[PDB]
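Visitor: What follows is work.cif, mmCIF, C-alpha atoms.
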```cif
data_upload
loop_
_atom_site.label_atom_id
_atom_site.label_comp_id
_atom_site.auth_asym_id
_atom_site.auth_seq_id
_atom_site.Cartn_x
_atom_site.Cartn_y
_atom_site.Cartn_z
CA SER A 1 -8.10 -16.38 -15.14
CA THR A 2 -4.72 -15.70 -13.57
CA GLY A 3 -1.87 -13.23 -13.86
CA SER A 4 1.82 -13.34 -13.01
CA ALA A 5 4.21 -10.39 -13.09
CA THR A 6 7.80 -9.85 -12.01
CA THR A 7 8.46 -7.11 -9.47
CA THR A 8 11.91 -5.47 -9.35
CA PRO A 9 13.64 -3.39 -6.68
CA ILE A 10 14.07 0.27 -7.70
CA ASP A 11 17.53 0.55 -6.18
CA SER A 12 20.26 -1.33 -4.34
CA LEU A 13 18.52 -0.97 -0.95
CA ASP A 14 15.14 -2.45 -1.98
CA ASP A 15 13.53 0.91 -1.12
CA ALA A 16 10.51 -0.11 -3.22
CA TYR A 17 9.55 -2.50 -6.01
CA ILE A 18 8.13 -1.74 -9.46
CA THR A 19 5.93 -3.98 -11.55
CA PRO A 20 5.12 -3.38 -15.24
CA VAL A 21 1.43 -2.63 -15.91
CA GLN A 22 -0.25 -2.29 -19.32
CA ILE A 23 -2.78 0.56 -19.54
CA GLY A 24 -4.96 1.41 -22.53
CA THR A 25 -5.15 0.48 -26.20
CA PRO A 26 -2.55 0.15 -27.63
CA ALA A 27 -0.86 -0.73 -24.39
CA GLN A 28 1.07 1.92 -22.52
CA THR A 29 3.41 0.19 -20.09
CA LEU A 30 4.05 1.98 -16.81
CA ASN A 31 6.09 0.71 -13.88
CA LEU A 32 3.89 0.91 -10.79
CA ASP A 33 4.49 0.48 -7.08
CA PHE A 34 2.09 -2.25 -5.93
CA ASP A 35 0.89 -1.09 -2.54
CA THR A 36 -1.15 -3.35 -0.23
CA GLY A 37 -1.46 -0.33 2.11
CA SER A 38 -3.57 1.86 -0.20
CA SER A 39 -6.38 1.50 -2.69
CA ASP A 40 -5.84 3.95 -5.54
CA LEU A 41 -4.35 3.11 -8.95
CA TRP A 42 -2.82 6.44 -9.98
CA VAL A 43 -0.32 7.38 -12.66
CA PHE A 44 1.92 10.10 -13.92
CA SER A 45 0.16 11.35 -17.02
CA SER A 46 -0.10 13.87 -19.80
CA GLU A 47 -2.10 15.96 -17.31
CA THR A 48 0.62 16.08 -14.63
CA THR A 49 2.02 19.58 -13.98
CA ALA A 50 5.11 19.62 -16.21
CA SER A 51 7.48 20.91 -13.52
CA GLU A 52 6.51 17.90 -11.36
CA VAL A 53 7.53 15.30 -13.95
CA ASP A 54 11.22 14.23 -13.98
CA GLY A 55 11.91 11.11 -16.01
CA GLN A 56 8.75 9.13 -15.31
CA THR A 57 6.81 7.39 -18.05
CA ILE A 58 3.40 9.00 -18.43
CA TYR A 59 -0.02 7.68 -19.33
CA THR A 60 -1.63 9.66 -22.17
CA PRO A 61 -5.37 8.88 -22.22
CA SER A 62 -5.90 10.74 -25.51
CA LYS A 63 -3.75 8.06 -27.21
CA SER A 64 -5.87 5.21 -25.84
CA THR A 65 -8.91 4.13 -27.83
CA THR A 66 -10.43 2.55 -24.71
CA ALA A 67 -9.95 5.51 -22.34
CA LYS A 68 -13.05 7.33 -21.12
CA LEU A 69 -13.15 10.31 -18.75
CA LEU A 70 -15.01 9.41 -15.56
CA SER A 71 -16.90 12.64 -15.64
CA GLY A 72 -16.86 14.66 -12.43
CA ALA A 73 -14.59 12.28 -10.53
CA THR A 74 -11.53 13.54 -8.66
CA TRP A 75 -9.06 12.03 -6.23
CA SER A 76 -6.59 13.14 -3.62
CA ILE A 77 -4.40 10.98 -1.41
CA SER A 78 -1.84 11.47 1.35
CA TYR A 79 0.48 8.67 2.41
CA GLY A 80 2.00 7.81 5.77
CA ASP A 81 5.38 9.21 4.71
CA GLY A 82 3.82 12.62 4.02
CA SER A 83 3.81 12.37 0.24
CA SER A 84 0.67 13.07 -1.79
CA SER A 85 -0.93 13.29 -5.24
CA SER A 86 -4.25 14.29 -6.80
CA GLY A 87 -6.07 14.54 -10.10
CA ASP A 88 -9.01 13.32 -12.17
CA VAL A 89 -10.06 9.88 -13.38
CA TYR A 90 -10.34 7.82 -16.55
CA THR A 91 -11.60 4.31 -16.99
CA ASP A 92 -9.46 2.11 -19.23
CA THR A 93 -8.25 -1.44 -19.80
CA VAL A 94 -5.51 -2.49 -17.38
CA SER A 95 -3.49 -5.69 -17.56
CA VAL A 96 -1.02 -7.13 -15.07
CA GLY A 97 1.01 -10.17 -16.00
CA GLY A 98 -1.57 -11.33 -18.56
CA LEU A 99 -4.61 -10.63 -16.36
CA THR A 100 -6.93 -8.03 -17.89
CA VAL A 101 -9.53 -5.78 -16.26
CA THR A 102 -11.78 -3.64 -18.42
CA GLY A 103 -13.28 -0.46 -16.97
CA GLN A 104 -10.59 0.00 -14.33
CA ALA A 105 -10.42 3.42 -12.69
CA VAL A 106 -7.07 4.93 -13.70
CA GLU A 107 -6.45 8.00 -11.59
CA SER A 108 -4.54 10.60 -13.60
CA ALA A 109 -2.26 12.85 -11.53
CA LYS A 110 -2.50 16.58 -12.04
CA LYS A 111 -0.26 17.18 -9.02
CA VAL A 112 2.32 15.03 -7.20
CA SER A 113 4.51 15.93 -4.21
CA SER A 114 8.29 16.27 -4.39
CA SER A 115 9.03 12.73 -3.27
CA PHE A 116 7.27 11.35 -6.33
CA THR A 117 8.87 13.78 -8.79
CA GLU A 118 12.31 12.97 -7.40
CA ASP A 119 11.81 9.23 -7.92
CA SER A 120 12.24 8.70 -11.66
CA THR A 121 11.69 4.94 -11.38
CA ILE A 122 8.09 4.95 -10.10
CA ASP A 123 5.40 5.90 -12.65
CA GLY A 124 2.54 5.55 -10.17
CA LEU A 125 0.94 3.28 -7.57
CA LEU A 126 -1.39 0.31 -7.84
CA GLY A 127 -3.33 -0.05 -4.60
CA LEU A 128 -4.18 -3.50 -3.25
CA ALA A 129 -5.77 -2.66 0.10
CA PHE A 130 -9.56 -2.80 0.46
CA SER A 131 -11.63 -0.62 -1.85
CA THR A 132 -13.19 1.19 1.14
CA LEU A 133 -9.97 3.27 1.27
CA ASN A 134 -10.21 4.40 -2.36
CA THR A 135 -10.21 8.21 -2.52
CA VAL A 136 -12.21 8.83 -5.71
CA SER A 137 -15.09 11.24 -5.14
CA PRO A 138 -18.08 11.40 -5.47
CA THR A 139 -18.18 7.76 -6.58
CA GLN A 140 -15.64 5.54 -4.82
CA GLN A 141 -13.87 3.16 -7.17
CA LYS A 142 -12.71 -0.45 -6.92
CA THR A 143 -9.12 -1.70 -6.86
CA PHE A 144 -7.65 -3.74 -9.69
CA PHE A 145 -7.87 -6.84 -7.47
CA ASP A 146 -11.50 -6.22 -6.56
CA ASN A 147 -12.42 -5.79 -10.22
CA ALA A 148 -10.50 -8.93 -11.23
CA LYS A 149 -11.77 -11.07 -8.36
CA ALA A 150 -14.79 -12.73 -9.94
CA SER A 151 -12.77 -13.76 -12.99
CA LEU A 152 -9.89 -15.22 -10.98
CA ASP A 153 -9.51 -18.98 -10.53
CA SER A 154 -9.18 -18.23 -6.80
CA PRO A 155 -9.82 -14.84 -5.11
CA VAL A 156 -6.21 -14.34 -4.02
CA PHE A 157 -3.00 -12.61 -4.89
CA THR A 158 0.46 -13.39 -3.57
CA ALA A 159 3.53 -11.26 -2.89
CA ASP A 160 6.95 -12.86 -3.22
CA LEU A 161 9.40 -9.98 -2.82
CA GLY A 162 13.10 -10.53 -3.36
CA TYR A 163 16.06 -9.48 -1.25
CA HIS A 164 18.25 -7.46 -3.57
CA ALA A 165 16.56 -9.39 -6.38
CA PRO A 166 13.40 -9.54 -8.45
CA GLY A 167 10.30 -11.31 -7.18
CA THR A 168 6.74 -12.03 -8.23
CA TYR A 169 3.16 -10.89 -7.81
CA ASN A 170 0.64 -13.60 -8.76
CA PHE A 171 -3.11 -13.16 -9.13
CA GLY A 172 -5.63 -15.94 -8.87
CA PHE A 173 -3.40 -18.85 -7.87
CA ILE A 174 -0.90 -20.02 -5.27
CA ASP A 175 2.41 -21.20 -6.70
CA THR A 176 3.22 -24.20 -4.52
CA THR A 177 6.81 -24.24 -5.89
CA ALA A 178 7.53 -20.75 -4.57
CA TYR A 179 7.76 -21.53 -0.84
CA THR A 180 9.03 -24.18 1.56
CA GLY A 181 7.03 -25.99 4.21
CA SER A 182 3.41 -25.02 4.71
CA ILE A 183 1.50 -21.73 4.59
CA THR A 184 0.14 -20.56 7.93
CA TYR A 185 -3.02 -18.49 7.63
CA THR A 186 -4.12 -15.86 10.10
CA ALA A 187 -7.25 -13.72 10.52
CA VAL A 188 -7.63 -10.32 8.89
CA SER A 189 -9.57 -7.30 10.10
CA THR A 190 -10.82 -4.99 7.35
CA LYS A 191 -12.21 -2.45 9.81
CA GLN A 192 -9.58 0.15 8.85
CA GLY A 193 -9.37 -0.84 5.17
CA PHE A 194 -6.01 -2.60 5.53
CA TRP A 195 -4.70 -6.15 5.49
CA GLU A 196 -4.59 -5.95 9.28
CA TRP A 197 -3.58 -8.97 11.34
CA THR A 198 -2.12 -9.94 14.72
CA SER A 199 1.38 -11.38 14.99
CA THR A 200 1.86 -13.79 17.89
CA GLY A 201 5.25 -12.43 18.98
CA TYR A 202 8.93 -12.05 18.22
CA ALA A 203 12.49 -13.09 18.88
CA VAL A 204 15.79 -11.25 18.50
CA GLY A 205 18.62 -13.31 17.05
CA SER A 206 18.91 -16.66 18.79
CA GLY A 207 17.00 -15.36 21.81
CA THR A 208 13.85 -16.85 23.30
CA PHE A 209 10.54 -16.15 21.62
CA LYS A 210 8.33 -13.58 23.36
CA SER A 211 4.65 -14.43 23.06
CA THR A 212 2.77 -11.18 22.66
CA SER A 213 0.07 -9.91 20.32
CA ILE A 214 1.22 -7.32 17.78
CA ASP A 215 -1.54 -5.81 15.64
CA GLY A 216 -0.21 -4.52 12.33
CA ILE A 217 -0.70 -4.24 8.58
CA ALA A 218 0.89 -6.12 5.74
CA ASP A 219 2.09 -3.25 3.55
CA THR A 220 4.13 -3.81 0.39
CA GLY A 221 4.26 -0.05 -0.12
CA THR A 222 6.29 0.61 3.04
CA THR A 223 10.03 -0.11 2.99
CA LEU A 224 10.75 -0.87 6.62
CA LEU A 225 9.37 -2.82 9.58
CA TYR A 226 7.67 -0.54 12.13
CA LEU A 227 6.93 -2.09 15.52
CA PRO A 228 6.24 -0.98 19.11
CA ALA A 229 9.02 0.89 20.84
CA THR A 230 9.50 -1.90 23.38
CA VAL A 231 10.15 -4.47 20.63
CA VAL A 232 12.43 -2.22 18.62
CA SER A 233 14.46 -1.25 21.69
CA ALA A 234 14.92 -4.94 22.51
CA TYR A 235 16.23 -5.56 18.98
CA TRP A 236 18.72 -2.70 18.81
CA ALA A 237 20.00 -3.38 22.34
CA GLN A 238 21.68 -6.42 20.79
CA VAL A 239 23.73 -4.29 18.37
CA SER A 240 26.82 -2.67 19.89
CA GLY A 241 26.73 1.07 19.36
CA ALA A 242 23.19 1.26 18.03
CA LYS A 243 21.14 4.26 19.11
CA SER A 244 18.02 6.18 18.24
CA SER A 245 19.00 9.45 16.58
CA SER A 246 16.54 12.33 16.61
CA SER A 247 18.62 14.15 13.97
CA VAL A 248 18.57 11.21 11.56
CA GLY A 249 15.00 10.13 12.32
CA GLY A 250 15.39 6.68 13.83
CA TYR A 251 17.74 3.94 14.90
CA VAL A 252 21.22 3.96 13.44
CA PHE A 253 24.08 1.57 14.02
CA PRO A 254 27.79 1.32 13.28
CA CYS A 255 28.26 0.08 9.74
CA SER A 256 30.93 -2.26 11.15
CA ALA A 257 28.25 -4.20 13.07
CA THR A 258 26.83 -7.61 12.27
CA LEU A 259 23.05 -7.50 12.71
CA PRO A 260 21.03 -10.24 14.41
CA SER A 261 18.03 -11.80 12.75
CA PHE A 262 14.50 -10.88 13.79
CA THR A 263 11.74 -13.48 14.05
CA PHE A 264 8.01 -12.70 14.01
CA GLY A 265 5.16 -15.07 14.80
CA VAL A 266 2.31 -16.08 12.53
CA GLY A 267 0.11 -18.30 14.64
CA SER A 268 2.41 -21.09 15.81
CA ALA A 269 4.71 -20.54 12.82
CA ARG A 270 7.81 -18.34 12.68
CA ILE A 271 9.19 -16.09 9.93
CA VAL A 272 12.88 -15.26 10.23
CA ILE A 273 14.21 -11.98 8.84
CA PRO A 274 17.96 -12.37 8.32
CA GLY A 275 20.12 -9.65 9.83
CA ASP A 276 21.35 -8.53 6.42
CA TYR A 277 17.76 -7.55 5.47
CA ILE A 278 17.77 -5.00 8.33
CA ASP A 279 20.83 -3.08 7.01
CA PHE A 280 19.83 -0.02 4.95
CA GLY A 281 23.35 1.31 4.58
CA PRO A 282 25.09 4.60 5.31
CA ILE A 283 22.82 7.47 6.34
CA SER A 284 24.73 9.64 3.84
CA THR A 285 27.35 8.73 1.25
CA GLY A 286 30.59 7.77 2.96
CA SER A 287 29.15 7.73 6.49
CA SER A 288 30.04 4.97 8.91
CA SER A 289 26.61 5.31 10.54
CA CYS A 290 24.08 2.94 8.96
CA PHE A 291 20.29 3.18 8.99
CA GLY A 292 18.24 0.43 10.62
CA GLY A 293 15.48 -1.51 8.89
CA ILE A 294 13.45 -2.00 12.09
CA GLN A 295 12.07 1.25 13.46
CA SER A 296 9.54 2.37 16.04
CA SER A 297 5.90 2.75 15.07
CA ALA A 298 5.33 5.18 17.94
CA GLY A 299 3.60 8.19 16.48
CA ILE A 300 2.58 6.41 13.27
CA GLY A 301 -0.44 5.05 15.06
CA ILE A 302 -0.14 1.57 13.57
CA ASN A 303 2.45 -1.18 13.31
CA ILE A 304 3.58 -1.85 9.73
CA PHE A 305 4.93 -5.11 8.37
CA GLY A 306 6.62 -3.50 5.38
CA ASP A 307 8.99 -4.94 2.78
CA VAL A 308 11.73 -5.77 5.32
CA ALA A 309 9.37 -8.30 6.85
CA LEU A 310 7.34 -9.35 3.82
CA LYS A 311 10.36 -10.15 1.62
CA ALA A 312 11.38 -12.83 4.13
CA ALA A 313 8.17 -14.71 3.28
CA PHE A 314 5.82 -15.93 0.62
CA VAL A 315 2.64 -13.99 1.44
CA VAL A 316 -0.92 -14.87 0.45
CA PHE A 317 -3.49 -12.09 0.40
CA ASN A 318 -6.75 -14.09 0.51
CA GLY A 319 -9.68 -11.93 -0.60
CA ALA A 320 -12.37 -14.53 -0.04
CA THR A 321 -15.59 -13.37 1.65
CA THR A 322 -13.75 -13.80 4.92
CA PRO A 323 -10.27 -12.49 4.13
CA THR A 324 -7.11 -13.98 5.60
CA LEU A 325 -3.32 -13.64 5.27
CA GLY A 326 -0.96 -16.55 4.76
CA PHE A 327 2.78 -16.66 5.40
CA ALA A 328 5.29 -19.29 4.38
CA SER A 329 9.06 -19.42 4.55
CA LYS A 330 10.91 -19.60 1.24
#
```
What do you get writing this file as structure tokens?

Guide:
Amino acid sequence: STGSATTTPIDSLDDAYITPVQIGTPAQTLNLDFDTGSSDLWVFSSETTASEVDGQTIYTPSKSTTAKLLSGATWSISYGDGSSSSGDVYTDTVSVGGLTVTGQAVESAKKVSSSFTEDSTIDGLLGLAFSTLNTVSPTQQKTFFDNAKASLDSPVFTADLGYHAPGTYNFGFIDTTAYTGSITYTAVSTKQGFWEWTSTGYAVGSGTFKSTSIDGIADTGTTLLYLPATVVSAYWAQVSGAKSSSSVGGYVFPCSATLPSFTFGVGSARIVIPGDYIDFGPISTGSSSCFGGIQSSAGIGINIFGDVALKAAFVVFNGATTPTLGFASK
């Protein structure tokens, strides 16, 4: 089997991407944030505290003939940005882009933090990290990808995120028309539950490539590119007037600036992030100070190749017995 679904930016900055997901019988379609940095499939629901729902589409298990309470199971998750959610669990039929999993754990939110309530466009998350990070207790549950794996033509999914445009998540096949050149594969560590890999270095604009190992995670659920302070300083030093602002919470730059590209290494291959991808616009409406798309990972504890980086590539998440990551230009 295979699946193929379009993923669409939620706003004009590509702050996140939503992908339609069919849950239950008859189908209830919710727009979920596919997140390769977590491992819970959770939704706004009929059980979500009413004051914490503001425009989202909810899953109502009582209207699904295939929904079954997973008795005794609860979940609770906190994300790197400080947001959180918790609730109980149903199993139900879940389909993405024509690919169907029966008996998928669908985590029903009873509580969500402000950030989720305030984002009307995201109806929940679909985690695509390794199932060892799943928060369901007392019986940990499998991700949609893990459940689908044995039925897939190939045990892979791919992320092809657009810049200010829709893109595609495919399951079970590699679309050889979706990228240019060849795919370079690189080793993955699952020790922390993430798609964790080691970049071979970086360049700023047309500068020389610096060979250096950068351990980080491929995370579709994070907007920006978070790298070591040394690297990020070297980037923003090439932008006149750029500075790190403690009041704003990162690097800002004059909106009148032209940004240089940023290159990262995948083995001997190179992925180029155009400068425009690194512009996240005025810090506040009407401001001439713009927020940078490359930020320091210092104090996160991990480097994060988020959407800013991933949308510059066609990315293969290979969930074979020995997992790997592939990157191609496009």

Visitor: How many Å separate CA of residue 285 in chain A from CA of residue 299 in chain A?

Guide: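 Distance between the two atoms: 28.2 Å.
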
Visitor: Using the chain letters and numbers from the file, which residues does the PyMOL selection byres ((chain A and resi 19-32) around 6) grab, as an mmCIF file with C-alpha atoms, in the coordinates of the input?

Guide:
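The resulting file, selection.cif, is reproduced below:
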```
data_model
loop_
_atom_site.group_PDB
_atom_site.id
_atom_site.type_symbol
_atom_site.label_atom_id
_atom_site.label_comp_id
_atom_site.auth_asym_id
_atom_site.auth_seq_id
_atom_site.Cartn_x
_atom_site.Cartn_y
_atom_site.Cartn_z
ATOM 1 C CA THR A 7 8.460 -7.110 -9.470
ATOM 2 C CA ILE A 18 8.130 -1.740 -9.460
ATOM 3 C CA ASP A 33 4.490 0.480 -7.080
ATOM 4 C CA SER A 64 -5.870 5.210 -25.840
ATOM 5 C CA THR A 65 -8.910 4.130 -27.830
ATOM 6 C CA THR A 66 -10.430 2.550 -24.710
ATOM 7 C CA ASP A 92 -9.460 2.110 -19.230
ATOM 8 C CA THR A 93 -8.250 -1.440 -19.800
ATOM 9 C CA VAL A 94 -5.510 -2.490 -17.380
ATOM 10 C CA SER A 95 -3.490 -5.690 -17.560
ATOM 11 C CA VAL A 96 -1.020 -7.130 -15.070
ATOM 12 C CA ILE A 122 8.090 4.950 -10.100
ATOM 13 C CA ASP A 123 5.400 5.900 -12.650
ATOM 14 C CA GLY A 124 2.540 5.550 -10.170
ATOM 15 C CA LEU A 125 0.940 3.280 -7.570
#
```

Visitor: When you count all atoms listed in the file, which of these residues is closest to residue 212 in chain A: A:283, A:174, A:324, A:265?

Guide: A:265

Visitor: Please, what distance in Å, to one decimal, runs between CA of residue 230 in chain A and CA of residue 193 in chain A?

Guide: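 One can read the CA of residue 230 in chain A to CA of residue 193 in chain A distance as 26.2 Å.
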
Visitor: Skipping near chain neighbours, those fewer than 3 positions away, what residues fall within 8 Å of residue 300 in chain A using all atoms listed in the file, listed as an NGL selection string?

Guide: :A and (80 or 297 or 303)
